[PDB]
Structure formats: structure tokens, C-alpha cells
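**Student:** Give me a 3D structure for the following:
(chains A and B)
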Amino acid sequence: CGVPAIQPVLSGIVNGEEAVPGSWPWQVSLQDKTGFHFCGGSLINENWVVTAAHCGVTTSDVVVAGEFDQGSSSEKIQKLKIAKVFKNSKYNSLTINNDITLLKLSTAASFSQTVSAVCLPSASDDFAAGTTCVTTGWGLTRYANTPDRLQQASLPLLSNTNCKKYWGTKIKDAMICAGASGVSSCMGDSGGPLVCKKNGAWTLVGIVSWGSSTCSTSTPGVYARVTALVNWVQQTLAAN
Amino acid sequence: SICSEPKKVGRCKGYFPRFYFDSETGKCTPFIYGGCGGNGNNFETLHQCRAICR
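**Tutor:** Numbering: from 1, shown residues only, chains lettered A, B, ... in the order given. There you are, the coordinates:
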């Protein structure tokens, strides 16, 4: 897990940049039945995708893997049906806390150079404030259509104390902030990954969740804190 | 007076086309909703927005 066959390249989503095609192979696009992209997600193995609960995914939507340019027909993409949706029961529609949903596919994704899994952390992993990580997706590049090509951005993790100086009590323990650094997640990025590179491998630290209603690049983005939710993830996989 | 509520995108990072009733302009109008914390002035279709305001 967490080792793209095609190496991402970063300069070191608003004010992001274009991904090397295929370089974030756990990234999926969640599309409705009329074909519109509404959220992102991440492959965590060949049968399961993790995304955000507020994305409201149903068995009518589909998971699209292996995609780079949504305006292109030259990509060998996989249009994967969803067998069942598992929204975290503790998801709070009020505070957007515990913002995570698992999707079990009707048929397994076929892993390839351009399609493979991100690593998941253990509940006790520590991803230090100030760590430079990466987020990706097809959300808007300016706060109106979503961009055709996959975007990426590097951005620093914030401490929750420092994140609270912007957002106050809206920040819960099951959230982690990142950004306020010249880039911003934006509409259509939800449910996609925030990854940090731990031990030569990319690990899912955050799920794109919420932030500035205008995708301001000077305020922190907020992400579902995967370490706080990964025990629920493992129990859901085990039981279903 | 639900149509008098303002366009609210909310803070979620979803891409959800919707329609709202613009007072200034007096029309039903398309906007990108983020997926959470929306208010009443938020409809799935233009027909649906018009068929309850106008």
C-alpha cells in the first residue's frame, strides 16, 4: 500500500497544481448516474473505498478509478458499482464531526499501475503539527465547472490548538486541520485524501471535509481525522 | 418567506448543483452547494424552485 507505481512529483483545490497522471492511484471520483462528479474518495483495498459522510453516497452513484483527465476518453478507467454504503453512525450532521463513510464495491477493483490502495494509520500514530502533507482531487480551482484534470497541493498539518484560533469550538477531536498556507481544498474535493508520507509510504491521515465557504487560502482546511476513526473502519470491514 | 433566505453554500467541500431564489434579481438561480449546513432556499431543480416561488 501507499507506494504509487508512478511517482508523484510535487513543487512543494485552489492554487494547487496538476498531478502527474496516474500518480495518486487510490484517488477515485464519485459520480452520480448522470455522470457528474460530486465528491472524491480513496481505495483502501480492492473492495472498499473511504469517503466523507456528508457526500451522501448511495448505491446509485458509482466509484470511478484510474482517472486523470475527466474530459478524456483515452484512459482505461474502472466504473465500479457500489454494493453497500456504511455511514459512520456517530456522524454528526450538526458539527460535521466523524465525517466518514465506507463503500463496499459490488465487484473488486482491479489493481494496476494506475489503481492501487493508500495505507491506513493505526489509532496511535502521531502525525506531528508542521508536517508537510498532500491533498488531491477534482474540486474547483477557483471559487462553474470542476477541473478536468486531477489536482494536488502540498500543505502543512496544524495543531488543533492553532486551528482553533481560526475556527474555535467547531474543531473536534475527530478532525485535523491543514493548510492556511496559500492553497485550499474546494467544492468537489470532499471525501478525497489528505496523505502524509510515512516510511516511504503514503498513509491516509485526513479525509477532505470542510473549511472556508469561499475556499480562502489563508484559513485552515478541516479534515476527518483518520487515526480517530480507523478502529471503526477496521470493525466495519471485519463485520461486513 | 423561505425564498427570502439567502444563498448559503455552507462549509462542506462537496460539489452539489442546486437552485436558490435570488431576491435582488427575482429569479430562481443555480449555485454550487457544498453539501452541509444549507438553509431553506435550496432546491434540486429549477422547476422545483419555480414551482414554489415565482
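
**Student:** just the strands in the chain please.
**Tutor:** If you meant another chain, say so; for now it's chain A. Using DSSP state E, the strands of chain A run over A:17-18, A:27-31, A:37-43, A:48-51, A:62-65, A:78-87, A:101-105, A:132-137, A:151-156, A:175-179, A:193-197, A:202-210, A:220-225.

**Student:** You answered for a different chain; I wanted chain B.
**Tutor:** Applying DSSP E to chain B gives strands spanning B:16-22, B:27-33.

**Student:** any residue of the last one up close to chain A?
**Tutor:** Spelled out, it's strand B:27-33. Yes. Residues of strand B:27-33 contacting chain A under Cβ under 8 Å from any Cβ of the partner chain: residue B:32. Quick note: C-beta positions are derived from backbone N, CA and C, even for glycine.

**Student:** Isn't residue A:63 up against residue A:103?
**Tutor:** Yes. Residue A:63 lies in contact with residue A:103 (Cβ atoms under 8 Å); the separation is 6.4 Å.

**Student:** The two: which is more packed in?
**Tutor:** The residue with more neighbours, out of residue A:63 and residue A:103, is residue A:103; 29 against 23, by other Cβ atoms under 10 Å in any protein chain shown.

**Student:** re the thing from before, so of the strands of chain B, which one's packed in deepest?
**Tutor:** Mean neighbour count, computed with mean count of other Cβ atoms under 10 Å in any protein chain shown, is highest for strand B:16-22 among the strands of chain B, reaching a mean of 21.

**Student:** Could I get the phi/psi values of residue A:3?
**Tutor:** Main-chain dihedrals, residue A:3, degrees, to the nearest 10: phi -120, psi 90.

**Student:** Give me the neighbour count for it.
**Tutor:** By the criterion of other Cβ under 10 Å, residue A:3 has 14 neighbours.

**Student:** And the one 4 residues further on, by the same measure?
**Tutor:** Residue neighbour count, defined by other Cβ under 10 Å, stands at 9 for residue A:7.
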